[PDB]
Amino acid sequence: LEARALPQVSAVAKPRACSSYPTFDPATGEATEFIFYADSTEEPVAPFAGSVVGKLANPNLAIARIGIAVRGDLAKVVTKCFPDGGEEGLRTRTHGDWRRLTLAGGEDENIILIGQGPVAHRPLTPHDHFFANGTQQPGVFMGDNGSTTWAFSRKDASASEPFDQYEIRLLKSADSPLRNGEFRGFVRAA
């Protein structure tokens, strides 16, 4: 289990709507609370390791960022799809409200921002996964621009953040450059 090679998949974008998520509620038009999970990681990651609110190195980018906890039983922040906004965007319950999730965009630090201001950026999009023979890999995988492969950077507990976590960013392509200590994986919503 020391190093599992990444499954070669093709990601097909689903509609940015609550009906693309496995907790779809036709009664309310939204999807009930779900978690972002690490998936198919190159190094072993504890199962059920889910969403956590991490701090930004640049505090002026947004409120915070979404990471993946190391411990599988650490407290998880919940995310919902809200039909609000004409379109349909994801929102995480943190800092006293449901706050929008966005992607910073770009190559080096395409991260999931929480509560970003009126700045240009990219939408966090759900995807289907298909293997080379057309068989579907089960799950809803997050990404953008044809890419659903994320880089995981372990950041151990500090005085400000008393928990271990993986800092995640979206890779441009499959062969996008990795930084020191980073391994690849997917982010599944369930």
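Position 1 is the first residue in the sequence shown; the rest follow in order.
*Asks:* Which of the two stretches, 100-108 or 86-94, shows the higher mean Cα temperature factor in the record?
*Replies:* According to the PDB entry, the answer is 86-94.
*Asks:* Which of the two stretches, 158-166 or 137-145, shows the higher mean Cα temperature factor in the record?
*Replies:* 158-166 has the higher mean C-alpha B-factor.
*Asks:* Per the entry's Cα B factor values, which of 78, 113, 75, 120 stands out as the maximum?
*Replies:* When the deposited C-alpha B-factors of 78, 113, 75, 120 are compared, 75 is largest.
*Asks:* According to the Cα B-factor stored in this entry, which of the following is highest: 178, 9, 13, 174?
*Replies:* 174 has the highest C-alpha B-factor of those listed.
*Asks:* Based on the entry's values, in what third of the chain does the Cα temperature factor of residue 190 lie: lowest, middle or highest?
*Replies:* Highest third, going by the recorded CA B-factors of the chain.
*Asks:* Within this chain's modelled residues, let me know which third the CA B factor of residue 30 belongs to: lowest, middle or highest.
*Replies:* Residue 30: CA B-factor falls in the highest third of its chain.
*Asks:* Name the third of the chain's ranked CA B-factors that contains residue 60, choosing lowest, middle or highest.
*Replies:* Ranked within chain, residue 60 CA B lands in the highest tercile.
*Asks:* Which third of the chain holds residue 50 when residues are ordered by C-alpha B factor: lowest, middle or highest?
*Replies:* Its C-alpha B-factor, which the entry lists for residue 50, ranks in the middle third among residues of this chain.
*Asks:* Lowest, middle or highest third: which one holds residue 70 when the chain's residues are ordered by CA B-factor from the entry?
*Replies:* Middle third - that is where residue 70 ends up once the chain's C-alpha B-factors are sorted.
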